[PDB]
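Peer 1: One structure follows; several queries about it will come next.
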Amino acid sequence: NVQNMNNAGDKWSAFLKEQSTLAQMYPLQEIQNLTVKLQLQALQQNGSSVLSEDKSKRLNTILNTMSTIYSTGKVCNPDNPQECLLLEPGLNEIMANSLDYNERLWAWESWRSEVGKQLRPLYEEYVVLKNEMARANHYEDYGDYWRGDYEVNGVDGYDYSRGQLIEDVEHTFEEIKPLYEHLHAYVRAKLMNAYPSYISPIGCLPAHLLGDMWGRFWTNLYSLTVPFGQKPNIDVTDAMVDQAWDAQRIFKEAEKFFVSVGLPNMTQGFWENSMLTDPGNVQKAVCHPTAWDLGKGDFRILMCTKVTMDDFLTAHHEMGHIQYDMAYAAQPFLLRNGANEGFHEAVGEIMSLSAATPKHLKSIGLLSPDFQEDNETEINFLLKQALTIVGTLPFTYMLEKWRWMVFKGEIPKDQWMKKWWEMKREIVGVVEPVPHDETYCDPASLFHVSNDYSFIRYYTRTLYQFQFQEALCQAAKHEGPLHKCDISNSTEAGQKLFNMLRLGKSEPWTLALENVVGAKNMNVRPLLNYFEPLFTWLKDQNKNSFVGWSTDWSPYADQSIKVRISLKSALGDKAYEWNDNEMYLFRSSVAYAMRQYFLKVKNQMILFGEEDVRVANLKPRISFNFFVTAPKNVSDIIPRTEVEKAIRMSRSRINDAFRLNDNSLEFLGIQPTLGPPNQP
Amino acid sequence: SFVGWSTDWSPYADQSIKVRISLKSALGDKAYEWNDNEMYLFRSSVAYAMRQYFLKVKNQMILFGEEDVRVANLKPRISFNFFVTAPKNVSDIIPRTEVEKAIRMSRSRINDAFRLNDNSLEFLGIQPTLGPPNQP
Amino acid sequence: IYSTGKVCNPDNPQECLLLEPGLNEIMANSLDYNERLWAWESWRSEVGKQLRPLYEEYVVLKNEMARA
Ligand SMILES: *[C@@H]1O[C@H](CO)[C@@H](O[C@@H]2O[C@H](CO)[C@@H](O)[C@H](O)[C@H]2NC(C)=O)[C@H](O)[C@H]1NC(C)=O
Ligand SMILES: *[C@@H]1O[C@H](CO)[C@@H](O[C@@H]2O[C@H](CO)[C@@H](O)[C@H](O)[C@H]2NC(C)=O)[C@H](O)[C@H]1NC(C)=O
Ligand SMILES: *[C@@H]1O[C@H](CO)[C@@H](O[C@@H]2O[C@H](CO)[C@@H](O)[C@H](O)[C@H]2NC(C)=O)[C@H](O)[C@H]1NC(C)=O
Ligand SMILES: *[C@@H]1O[C@H](CO)[C@@H](O[C@@H]2O[C@H](CO)[C@@H](O)[C@H](O)[C@H]2NC(C)=O)[C@H](O)[C@H]1NC(C)=O
Ligand SMILES: *[C@@H]1O[C@H](CO)[C@@H](O[C@@H]2O[C@H](CO)[C@@H](O)[C@H](O)[C@H]2NC(C)=O)[C@H](O)[C@H]1NC(C)=O
Ligand SMILES: *[C@@H]1O[C@H](CO)[C@@H](O[C@@H]2O[C@H](CO)[C@@H](O)[C@H](O)[C@H]2NC(C)=O)[C@H](O)[C@H]1NC(C)=O
Ligand SMILES: *[C@@H]1O[C@H](CO)[C@@H](O)[C@H](O)[C@H]1NC(C)=O
Ligand SMILES: [Zn+2]
């Protein structure tokens with residue numbers, strides 16, 4: 001079957017480049033109808049193939065090499081080199097379940113460093129080749145090529161520029177920063193009880209204590225940050241196995257939700273062709289929830305559903321992709337997508353929000369008609385939402401802002417990892433535990449960076465999701481808070497939803513938003529109205545706390561020693577210049593001095609290397625900080641009092657290696673002491 | 001043919017350089033003792049000198065380490081042979097003529113790290129050359 | 001350690017060869033000087049180091065059992 005789909009897959013791809021090279025026979029500005037212009041521009045798009053034919057095969061070699069490094073990485077446990085852990089099984093489980101500080105610090109660092117280095121040279125060669133392909137298609141860089149999805153040209157008042165997306169993201173983000181600061185302060189106060197003597201009460205959060213490998217979602221911090229742990233968060237999984245609900249009941253109650261709002265039934269080919277469970281055969285078949293739109297009005301759902309409220313909800317999510325697909329099936333073929341890249345997931349998740357409410361669960365038969373929702377359980381529910389929704393918004397905004405500045409050249413390649421960690425402390429409020437120089441590439445250790453994907457679609461989908469939900473609940477005549485809303489039994493709300501679903505790509509997306517919301521731009525005020533019961537409760541829990549963070553604190557910067565070097569004072573017109581070969585000799589001289597101290601004082605032999613001296617904050621005056629680490633235990637920092645005694649023992653030897661004289665090589669905090677004079 | 005073998009030949013011992021160190025001649029009653037921490041500092045000073053030669057002459061950046069300097073035949077008089085290898089290619093030995101040019105470029109820096117004076121740190125086969133005198 | 005040793009090819013760290021399949025085939029079939037020199041050294045060094053401390057502790061305990 002794989003050979004059955006590779007030849008049938010290439011007949012589709014070879015056919016499309018043949019019609020693409022036929023499309024440049026027609027000019028594009030001699031067209032008047034907006035629909036036939038939109039189909040022509042989506043087919044005329046050259047994309048690749050604008051490069052030289054030896055540069056085009058170099059780019060595909062880089063994209064295949066970066067993709068197989070990410071999926072085949074082995075991490076070695078420094079106590080047993082015969083057991084290598086590989087990213088998805090084993091390294092993702094440590095970052096999501098462990099409470100050991102030293103084991104989370106190990107998994108972060110190792111993985112990072114290794115994959116980092118590899119993806120470095122490759123990613124560097126990837127930026128040059130992608131900017132050449134974008135400038136041959138008349139964009140300024142590859143970041144402007146990614147923002148071409150949101151572009152709208154000449155439809156009388158609904159236009160949108162590719163540079164206008166940058167201001168609308170930064171204008172909407174500075175209204176989330178009051179809400180994110182109070183969530184950052186509450187999580188920091190709860191993490192100090194889980195990790196004492198590791199977290200500052202006025203500083204950033206360490207990057208390896210956030211719940212996963214990159215801090216993208218904070219959703220694994222719920223067991224440490226739960227407001228009222230003596231109240232069970234509502235879970236209807238036992239009431240499903242007490243009424244003998246089969247595999248088919250979960251979709252038939254899902255189809256009754258959509259026919260309740262005024263949307264069509266399933267297509268009745270949906271029930272035979274689909275595969276709602278893994279089969280009765282032990283059948284090798286990728287088990288991953290998804291919605292297929294094969295064509296010719298044939299819609300199938302592929303998932304392996306278990307009787308759980310989790311897959312009761314993603315059944316409502318995956319059916320939402322189908323009802324979006326069944327609506328625009330009357331457009332031409334090249335306009336059968338969502339209106340932008342963000343609308344398709346956003347319509348799927350407002351079906352899941354409306355089905356997870358306890359108002360909907362007690363009317364669908366799954367909750368005791370004598371159930372009492374208290375105000376303590378609504379805080380437990382809203383905080384679990386904010387760890388996934390609000391916690392991912394400064395991560396998404398910071399990452400696309402870094403990638404946009406790399407493509408246009410505002411960040412040169414000698415400052416990639418310098419500007420990356422300055423933007424973590426300032427925007428996200430997250431500090432690294434170990435300093436990282438320009439041999440690492442920490443963005444490329446994420447999936448979407450090393451596999452060539454755009455990331456701004458996760459920011460805009462979060463904002464469209466609550467704009468849709470607030471506009472539908474005013475049509476369904478809701479009375480309470482926004483997070484209690486349900487659009488069942490309405491017809492007027494579904495008519496408000498169906499007027500957008502059938503457009504496809506035939507209209508500009510700004511014209512699609514006014515059919516539901518009533519505005520021409522994305523707005524953050526419906527997102528904040530969802531979380532005002534949490535924002536009121538959060539401001540009362542932070543009366544004795546400090547809201548905000550300092551970008552100066554680090555988890556290593558209290559065992560560091562500052563070094564200051566004055567070369568032109570000692571030698572003057574005859575002094576060498578301080579390149580990074582002199583930094584290599586300095587790190588070997590400190591590692592030599594630590595070896596001599598532990599042998600002659602502590603009677604131990606420890607093999608310190610130059611890779612165990614970690615240098616941060618290199619300035620032009622020639623100043624940096626350093627701290628010393630045990631040879632393969634990255635979590636073991638030698639204390640500052642033992643490094644001062646080691647440097648005092650061998651200060652005369654370090655001075656002679658650089659021709660300095662204790663006034664041109666200063667260790668700040670260590671002073672020369674002895675020397676009584678006399679002789680007469 | 002020749003029947004039998006010699007126990008003196010080695011496949012690396014024609015790109016090796018012999019080093020001789022006379023500690024008690026340079027300092028005398030006040031000289032440190034040569035443990036294996038001093039051999040670690042010597043292997044880092046040679047790796048530093050190979051880094052500076054390839055950057056300023058060959059315009060390349062190569063990350064030589066102390067594990068790329070291979071020391072053999074350590075004696076009590078303080079003498080050994082060493083040869084330099086490319087950073088992870090164990091089969092690539094840097095030639096003897098390129099290591100002599102790298103040591104000549106940074107001999108004054110290696111001497112200062114050990115307080116020796118070109119008669120107490122001898123690289124056998126490399127000689128000091130310059131120094132014309134005058135002033136009147 | 002002897003039965004589960006991985007050797008990494010310095011041009012692709014994502015492919016580790018383990019003694020009986022792959023490292024014994026290089027030493028028995030190759031005519032490349034630089035590839036035989038790599039397989040010898042690598043394997044040697046790694047397993048070498050490990051078996052060192054262990055083998056050192058093994059001599060002391062086996063001499064105690066023999067002298068009793
Ligand atoms: C060009 O634009 C016109 C309107 O601007 C489209 O005309 C409509 O076409 C459909 C079927 O093709 C008719 O049912 C409508 O009644 C037409 N509208 C009007 C106002 O006459 C036309 O379809 C566009 N061209 C293409 C190829 O789609
Ligand atoms: C697709 O690539 C072609 C080049 O192969 C681009 O085209 C040319 O258009 C100019 C006019 O601007 C002509 O003078 C050239 O003759 C065309 N190419 C040649 C030499 O055949 C074209 O602009 C690209 N299309 C897109 C999507 O921008
Ligand atoms: C849930 O509602 C109850 C009922 O109002 C709240 O209890 C009140 O809390 C305030 C502030 O601490 C007190 O001044 C009142 O006297 C309490 N009412 C009673 C009847 O004792 C409770 O604080 C609410 N919980 C949350 C999380 O909002
Ligand atoms: C929302 O829709 C459901 C589904 O039709 C309605 O549920 C019915 O409720 C009545 C009385 O409450 C029962 O006698 C029926 O058996 C229910 N039908 C099903 C299929 O379970 C519900 O009443 C509707 N809500 C409103 C306010 O009309
Ligand atoms: C690496 O160093 C850390 C200390 O920084 C070690 O953690 C200690 O582990 C022991 C037992 O495992 C505990 O009794 C100590 O309380 C731990 N120290 C701290 C500060 O938490 C860790 O064991 C070291 N790892 C290795 C492999 O030696
Ligand atoms: C390691 O160094 C050796 C040389 O000592 C390299 O072998 C050369 O390989 C090229 C092509 O592979 C041949 O043209 C040369 O004739 C080889 N040299 C010798 C002396 O045989 C080897 O390629 C290097 N390995 C790496 C990974 O760089
Ligand atoms: C959808 O199907 C049900 C039975 O499966 C049927 O009763 C209902 O009328 C259908 N909806 C419409 C709009 O016909
Ligand atoms: Zn989805």
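Ordered as shown in the structure tokens, chains take letters A, B, and onward, while each chain numbers its residues from 1 and ligands are numbered from 1 in the order shown.
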Counting only C-alpha atoms, collect the residues of chain C whose closest atom lies at most 7 Å from chain B, and write them out as a tab-separated table (two decimals) with N, CA, C and O atoms, in the first residue's frame.
Peer 2:
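Okay, out_24.tsv is ready:
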```tsv
chain	number	residue	atom	x	y	z
C	10	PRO	N	31.49	9.17	13.07
C	10	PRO	CA	31.73	10.60	13.31
C	10	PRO	C	31.19	11.53	12.22
C	10	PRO	O	31.43	12.73	12.28
C	34	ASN	N	41.61	3.56	6.44
C	34	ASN	CA	41.05	4.53	7.36
C	34	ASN	C	39.78	4.04	8.04
C	34	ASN	O	39.46	4.52	9.14
C	37	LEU	N	40.98	1.44	10.73
C	37	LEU	CA	41.64	2.14	11.82
C	37	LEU	C	40.61	2.81	12.73
C	37	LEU	O	40.86	3.01	13.91
C	38	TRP	N	39.46	3.15	12.17
C	38	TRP	CA	38.40	3.79	12.93
C	38	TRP	C	37.67	2.79	13.82
C	38	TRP	O	37.45	3.04	15.00
```
Peer 1: Residues of range 141-266 of chain A classed as helix (DSSP H, G or I) by DSSP on the backbone are to be reported as a PyMOL selection string.
Peer 2: chain A and resi 142-150+164-173+177-194+219-225+238-241+249-261
Peer 1: Using only C-alpha atoms and all ligand atoms, which residues of the polymer chains come no farther than 12 Å from ligand 8? I'd like the answer as an MDAnalysis selection string.
Peer 2: chainID A and resid 288:292 301:303 313:322 324 342:352 461
Peer 1: Go ahead and write the residues just picked, N, CA and C atoms, as a short mmCIF file (atom, residue, chain, number, x, y, z; two decimals), in the first residue's frame.
Peer 2:
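Result written to selection-v3.cif:
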```
data_model
loop_
_atom_site.label_atom_id
_atom_site.label_comp_id
_atom_site.auth_asym_id
_atom_site.auth_seq_id
_atom_site.Cartn_x
_atom_site.Cartn_y
_atom_site.Cartn_z
N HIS A 288 -4.80 7.97 14.64
CA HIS A 288 -4.74 9.39 14.94
C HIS A 288 -5.99 10.12 14.46
N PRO A 289 -6.69 10.75 15.38
CA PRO A 289 -7.92 11.49 15.05
C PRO A 289 -7.70 12.47 13.91
N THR A 290 -8.57 12.42 12.92
CA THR A 290 -8.45 13.30 11.76
C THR A 290 -9.73 13.28 10.95
N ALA A 291 -9.90 14.29 10.10
CA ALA A 291 -11.08 14.37 9.25
C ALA A 291 -10.65 14.48 7.80
N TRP A 292 -11.17 13.59 6.97
CA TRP A 292 -10.75 13.46 5.59
C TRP A 292 -11.82 14.01 4.67
N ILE A 301 -14.24 10.06 8.64
CA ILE A 301 -13.52 10.37 9.87
C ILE A 301 -12.72 9.13 10.26
N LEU A 302 -11.44 9.32 10.55
CA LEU A 302 -10.57 8.24 10.98
C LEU A 302 -10.10 8.53 12.39
N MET A 303 -10.55 7.72 13.34
CA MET A 303 -10.06 7.78 14.71
C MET A 303 -10.28 6.42 15.36
N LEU A 313 -15.33 14.54 23.50
CA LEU A 313 -15.14 15.94 23.12
C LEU A 313 -14.44 16.07 21.77
N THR A 314 -13.43 15.24 21.50
CA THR A 314 -12.75 15.34 20.21
C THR A 314 -13.60 14.76 19.09
N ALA A 315 -14.63 13.99 19.43
CA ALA A 315 -15.64 13.65 18.45
C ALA A 315 -16.42 14.88 18.02
N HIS A 316 -16.71 15.77 18.96
CA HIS A 316 -17.33 17.03 18.58
C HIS A 316 -16.35 17.93 17.85
N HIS A 317 -15.06 17.81 18.14
CA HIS A 317 -14.08 18.61 17.43
C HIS A 317 -13.91 18.12 16.00
N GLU A 318 -13.83 16.80 15.82
CA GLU A 318 -13.55 16.28 14.49
C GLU A 318 -14.78 16.31 13.61
N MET A 319 -15.97 16.29 14.19
CA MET A 319 -17.16 16.49 13.37
C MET A 319 -17.27 17.94 12.91
N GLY A 320 -16.68 18.88 13.65
CA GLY A 320 -16.71 20.27 13.24
C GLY A 320 -15.89 20.53 11.99
N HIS A 321 -14.83 19.75 11.77
CA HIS A 321 -14.10 19.85 10.52
C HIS A 321 -14.93 19.32 9.36
N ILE A 322 -15.82 18.37 9.63
CA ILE A 322 -16.64 17.80 8.57
C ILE A 322 -17.74 18.76 8.17
N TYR A 324 -17.72 21.95 8.46
CA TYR A 324 -17.10 23.03 7.71
C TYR A 324 -16.82 22.59 6.28
N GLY A 342 -6.09 29.97 9.83
CA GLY A 342 -6.49 29.86 11.21
C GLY A 342 -7.94 29.53 11.45
N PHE A 343 -8.80 29.71 10.45
CA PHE A 343 -10.22 29.50 10.67
C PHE A 343 -10.59 28.04 10.83
N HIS A 344 -9.80 27.13 10.26
CA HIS A 344 -10.24 25.74 10.18
C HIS A 344 -10.19 25.06 11.54
N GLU A 345 -9.16 25.35 12.34
CA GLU A 345 -9.10 24.77 13.67
C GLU A 345 -10.00 25.52 14.64
N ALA A 346 -10.28 26.79 14.36
CA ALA A 346 -11.07 27.59 15.29
C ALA A 346 -12.54 27.19 15.27
N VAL A 347 -13.05 26.74 14.13
CA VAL A 347 -14.43 26.30 14.08
C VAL A 347 -14.57 24.93 14.72
N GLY A 348 -13.48 24.17 14.77
CA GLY A 348 -13.54 22.88 15.42
C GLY A 348 -13.53 22.93 16.93
N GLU A 349 -12.99 24.00 17.51
CA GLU A 349 -12.85 24.07 18.95
C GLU A 349 -13.99 24.81 19.65
N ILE A 350 -14.80 25.57 18.91
CA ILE A 350 -16.01 26.11 19.52
C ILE A 350 -17.13 25.08 19.56
N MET A 351 -16.97 23.96 18.85
CA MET A 351 -17.86 22.83 19.06
C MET A 351 -17.49 22.05 20.31
N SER A 352 -16.21 22.06 20.67
CA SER A 352 -15.75 21.33 21.85
C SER A 352 -15.98 22.11 23.13
N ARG A 461 -5.64 31.71 15.74
CA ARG A 461 -6.72 30.76 16.01
C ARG A 461 -7.28 30.93 17.41
#
```
Peer 1: Find the residues in chain C near chain A: any atom within 8 Å counts, using only C-alpha atoms. Write them as a ChimeraX atom specification.
Peer 2: /C:1,4-6,14
Peer 1: Taking C-alpha atoms for each residue, export the selection above as a PDB file, in the first residue's frame.
Peer 2:
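Contents of selection20.pdb, freshly written:
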```pdb
ATOM      1  CA  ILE C   1      28.822  -3.810  28.317  1.00  0.00           C
ATOM      2  CA  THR C   4      25.481  -3.879  24.251  1.00  0.00           C
ATOM      3  CA  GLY C   5      28.111  -1.440  22.915  1.00  0.00           C
ATOM      4  CA  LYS C   6      27.265   1.223  20.367  1.00  0.00           C
ATOM      5  CA  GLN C  14      22.469   8.799  14.406  1.00  0.00           C
TER       6      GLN C  14
END
```
Peer 1: Residue 125 in chain B: which residues within 10 Å, counting only C-alpha atoms, same-chain residues fewer than 6 positions away excluded, as a PyMOL selection string?
Peer 2: chain B and resi 17-19+100
Peer 1: Considering only C-alpha atoms and all ligand atoms, can you say which of A:97, A:77, A:641, A:385 comes closest to ligand 5?
Peer 2: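 That would be A:77, the residue with the smallest distance to ligand 5.
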Peer 1: Could you pull out all residues of range 12-88 of chain B with a DSSP call of strand (DSSP E or B) and give them as a list in words?
Peer 2: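 DSSP on the backbone gives strand (DSSP E or B) at residues 17, 18, 19, 20, 21, 69, 70, 71, 72, 79, 80, 81, 82, 83, 84 and 85 of chain B.
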Peer 1: With N, CA and C atoms retained, could you export that selection as an mmCIF file, in the first residue's frame?
Peer 2:
```cif
data_model
loop_
_atom_site.group_PDB
_atom_site.id
_atom_site.type_symbol
_atom_site.label_atom_id
_atom_site.label_comp_id
_atom_site.auth_asym_id
_atom_site.auth_seq_id
_atom_site.Cartn_x
_atom_site.Cartn_y
_atom_site.Cartn_z
ATOM 1 N N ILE B 17 57.134 14.551 17.564
ATOM 2 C CA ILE B 17 58.133 15.519 17.989
ATOM 3 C C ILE B 17 58.524 15.188 19.418
ATOM 4 N N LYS B 18 59.825 15.093 19.676
ATOM 5 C CA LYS B 18 60.323 14.820 21.012
ATOM 6 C C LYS B 18 60.484 16.114 21.796
ATOM 7 N N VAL B 19 59.970 16.115 23.021
ATOM 8 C CA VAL B 19 60.037 17.253 23.928
ATOM 9 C C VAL B 19 60.909 16.853 25.106
ATOM 10 N N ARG B 20 61.821 17.729 25.509
ATOM 11 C CA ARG B 20 62.650 17.505 26.684
ATOM 12 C C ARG B 20 62.530 18.694 27.623
ATOM 13 N N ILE B 21 62.277 18.417 28.898
ATOM 14 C CA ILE B 21 61.986 19.446 29.889
ATOM 15 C C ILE B 21 62.980 19.327 31.034
ATOM 16 N N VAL B 69 45.950 15.587 21.057
ATOM 17 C CA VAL B 69 47.397 15.550 21.208
ATOM 18 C C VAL B 69 47.736 14.230 21.888
ATOM 19 N N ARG B 70 48.397 13.339 21.157
ATOM 20 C CA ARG B 70 48.642 11.979 21.618
ATOM 21 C C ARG B 70 50.067 11.832 22.126
ATOM 22 N N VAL B 71 50.211 11.548 23.416
ATOM 23 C CA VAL B 71 51.504 11.520 24.092
ATOM 24 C C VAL B 71 51.944 10.071 24.262
ATOM 25 N N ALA B 72 53.189 9.776 23.884
ATOM 26 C CA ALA B 72 53.777 8.458 24.066
ATOM 27 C C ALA B 72 55.150 8.579 24.711
ATOM 28 N N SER B 79 60.482 13.468 29.288
ATOM 29 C CA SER B 79 60.596 13.438 27.848
ATOM 30 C C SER B 79 59.493 12.535 27.337
ATOM 31 N N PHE B 80 58.914 12.924 26.214
ATOM 32 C CA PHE B 80 57.826 12.201 25.577
ATOM 33 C C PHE B 80 57.803 12.602 24.114
ATOM 34 N N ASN B 81 57.049 11.851 23.331
ATOM 35 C CA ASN B 81 56.752 12.210 21.958
ATOM 36 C C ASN B 81 55.289 12.610 21.865
ATOM 37 N N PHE B 82 54.974 13.481 20.914
ATOM 38 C CA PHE B 82 53.581 13.809 20.678
ATOM 39 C C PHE B 82 53.359 14.033 19.194
ATOM 40 N N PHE B 83 52.138 13.752 18.752
ATOM 41 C CA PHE B 83 51.686 14.098 17.414
ATOM 42 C C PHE B 83 50.248 14.583 17.514
ATOM 43 N N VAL B 84 49.826 15.359 16.521
ATOM 44 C CA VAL B 84 48.542 16.052 16.543
ATOM 45 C C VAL B 84 47.629 15.412 15.507
ATOM 46 N N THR B 85 46.358 15.256 15.863
ATOM 47 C CA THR B 85 45.357 14.588 15.052
ATOM 48 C C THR B 85 44.181 15.542 14.835
#
```
Peer 1: Near residue 435 in chain A, within 12 Å and counting only C-alpha atoms, which residues show up once chain neighbours fewer than 2 positions away are dropped, as an mmCIF file with C-alpha atoms, in the first residue's frame?
Peer 2:
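Once everything was written out, this is out.cif:
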```cif
data_model
loop_
_atom_site.group_PDB
_atom_site.id
_atom_site.type_symbol
_atom_site.label_atom_id
_atom_site.label_comp_id
_atom_site.auth_asym_id
_atom_site.auth_seq_id
_atom_site.Cartn_x
_atom_site.Cartn_y
_atom_site.Cartn_z
ATOM 1 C CA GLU A 109 20.233 20.411 28.665
ATOM 2 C CA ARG A 112 19.051 20.764 23.747
ATOM 3 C CA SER A 113 22.834 20.805 23.330
ATOM 4 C CA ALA A 207 13.006 27.010 31.641
ATOM 5 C CA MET A 417 21.220 32.831 20.640
ATOM 6 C CA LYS A 418 21.937 36.145 22.339
ATOM 7 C CA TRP A 420 16.708 34.544 21.672
ATOM 8 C CA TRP A 421 17.271 34.452 25.431
ATOM 9 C CA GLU A 422 16.853 38.200 25.855
ATOM 10 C CA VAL A 431 15.218 32.279 32.247
ATOM 11 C CA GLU A 432 17.658 29.603 31.075
ATOM 12 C CA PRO A 433 19.444 27.441 33.680
ATOM 13 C CA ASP A 437 26.641 30.514 23.266
ATOM 14 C CA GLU A 438 26.450 30.626 19.455
ATOM 15 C CA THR A 439 27.106 26.897 19.051
ATOM 16 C CA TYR A 440 23.567 26.036 20.188
ATOM 17 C CA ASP A 442 17.525 26.247 20.705
ATOM 18 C CA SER A 554 19.568 33.842 36.914
ATOM 19 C CA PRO A 555 19.636 30.443 38.654
ATOM 20 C CA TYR A 556 23.433 30.276 38.216
ATOM 21 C CA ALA A 557 24.396 33.887 38.978
ATOM 22 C CA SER A 560 29.604 33.066 39.342
ATOM 23 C CA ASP A 612 33.004 22.384 32.541
ATOM 24 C CA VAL A 613 33.732 26.129 32.748
ATOM 25 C CA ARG A 614 30.604 28.002 31.665
ATOM 26 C CA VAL A 615 31.176 31.558 30.419
ATOM 27 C CA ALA A 616 28.393 34.158 30.262
ATOM 28 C CA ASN A 617 28.074 37.876 29.418
ATOM 29 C CA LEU A 618 31.158 38.531 27.301
ATOM 30 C CA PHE A 624 32.550 37.814 31.687
ATOM 31 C CA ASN A 625 31.191 35.612 34.436
ATOM 32 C CA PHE A 626 32.108 31.981 34.910
ATOM 33 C CA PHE A 627 31.116 29.089 37.141
ATOM 34 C CA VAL A 634 25.428 19.293 34.745
#
```
Peer 1: Using only C-alpha atoms and all ligand atoms, which protein or nucleic acid residues are at most 9 Å from ligand 3, as a ChimeraX atom specification?
Peer 2: /A:227-228,374-379,533,537
Peer 1: Could you write out the selected residues, including N, CA and C atoms, as a short mmCIF file (atom, residue, chain, number, x, y, z; two decimals), in the first residue's frame?
Peer 2:
```cif
data_model
loop_
_atom_site.label_atom_id
_atom_site.label_comp_id
_atom_site.auth_asym_id
_atom_site.auth_seq_id
_atom_site.Cartn_x
_atom_site.Cartn_y
_atom_site.Cartn_z
N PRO A 227 -6.32 25.26 42.36
CA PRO A 227 -6.78 26.16 43.42
C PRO A 227 -7.40 25.43 44.60
N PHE A 228 -8.36 24.55 44.34
CA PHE A 228 -9.04 23.78 45.37
C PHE A 228 -8.92 22.31 45.02
N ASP A 374 -20.76 24.71 42.04
CA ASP A 374 -20.35 25.74 42.98
C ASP A 374 -19.31 26.64 42.34
N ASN A 375 -19.08 27.79 42.97
CA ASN A 375 -18.13 28.76 42.44
C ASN A 375 -16.68 28.34 42.64
N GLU A 376 -16.41 27.31 43.44
CA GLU A 376 -15.07 26.78 43.61
C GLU A 376 -14.64 25.87 42.46
N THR A 377 -15.59 25.23 41.78
CA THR A 377 -15.28 24.35 40.67
C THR A 377 -15.15 25.11 39.36
N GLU A 378 -15.76 26.29 39.26
CA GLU A 378 -15.57 27.13 38.08
C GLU A 378 -14.18 27.74 38.04
N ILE A 379 -13.56 27.96 39.20
CA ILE A 379 -12.19 28.43 39.24
C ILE A 379 -11.23 27.31 38.87
N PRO A 533 -13.89 36.00 35.36
CA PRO A 533 -13.99 35.35 36.68
C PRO A 533 -12.67 34.83 37.22
N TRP A 537 -10.41 36.70 40.56
CA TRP A 537 -9.89 35.86 41.64
C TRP A 537 -8.37 35.89 41.70
#
```
Peer 1: Chain B residues within 12 Å of chain A, counting only C-alpha atoms: which ones, as a ChimeraX atom specification?
Peer 2: /B:32-56,61-67,106-116
Peer 1: May I have the residues from that selection written out with C-alpha atoms, as a compact mmCIF listing (two decimals), in the first residue's frame?
Peer 2:
```
# COMPACT_ATOMS: atom_id res chain seq x y z
CA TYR B 32 57.13 22.46 40.88
CA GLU B 33 56.82 18.72 40.36
CA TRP B 34 55.54 17.31 37.07
CA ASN B 35 52.36 15.36 37.76
CA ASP B 36 49.69 14.55 35.18
CA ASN B 37 47.95 17.88 35.72
CA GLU B 38 50.99 19.46 34.07
CA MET B 39 50.58 17.08 31.15
CA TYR B 40 47.00 18.29 30.81
CA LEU B 41 48.16 21.91 30.64
CA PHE B 42 50.80 21.00 28.06
CA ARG B 43 48.24 19.30 25.81
CA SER B 44 45.96 22.35 26.02
CA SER B 45 48.81 24.73 25.16
CA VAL B 46 49.68 22.73 22.04
CA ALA B 47 46.01 22.60 21.04
CA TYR B 48 45.87 26.37 21.51
CA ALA B 49 48.91 26.84 19.27
CA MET B 50 47.38 24.71 16.52
CA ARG B 51 44.20 26.81 16.69
CA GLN B 52 46.12 30.06 16.25
CA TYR B 53 48.17 28.75 13.33
CA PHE B 54 45.22 27.58 11.24
CA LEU B 55 43.33 30.83 11.87
CA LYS B 56 46.05 33.35 11.04
CA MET B 61 38.78 27.59 12.32
CA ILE B 62 39.47 24.07 13.62
CA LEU B 63 38.53 23.08 17.16
CA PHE B 64 41.59 21.23 18.42
CA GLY B 65 41.31 19.84 21.94
CA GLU B 66 43.61 18.25 24.47
CA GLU B 67 42.35 14.82 23.35
CA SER B 106 53.58 30.40 19.73
CA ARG B 107 56.79 29.25 21.44
CA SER B 108 57.00 32.40 23.58
CA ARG B 109 53.47 31.72 24.85
CA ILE B 110 54.11 28.07 25.77
CA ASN B 111 57.30 29.03 27.63
CA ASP B 112 55.49 31.56 29.80
CA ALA B 113 52.84 29.05 30.89
CA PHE B 114 55.53 26.84 32.45
CA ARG B 115 58.22 29.47 33.29
CA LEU B 116 60.78 27.95 30.91
```
Peer 1: For the atom pair atom 14 (O, counted along the ligand's line) of ligand 6 and CA of residue 115 in chain A, what is the interatomic distance in Å to one decimal place?
Peer 2: 29.7 Å
Peer 1: Kindly compile the residues surrounding ligand 5 within 9 Å, counting only C-alpha atoms and all ligand atoms, and format them as a VMD selection string.
Peer 2: chain A and resid 77 to 79 100 to 103 630 632 to 638
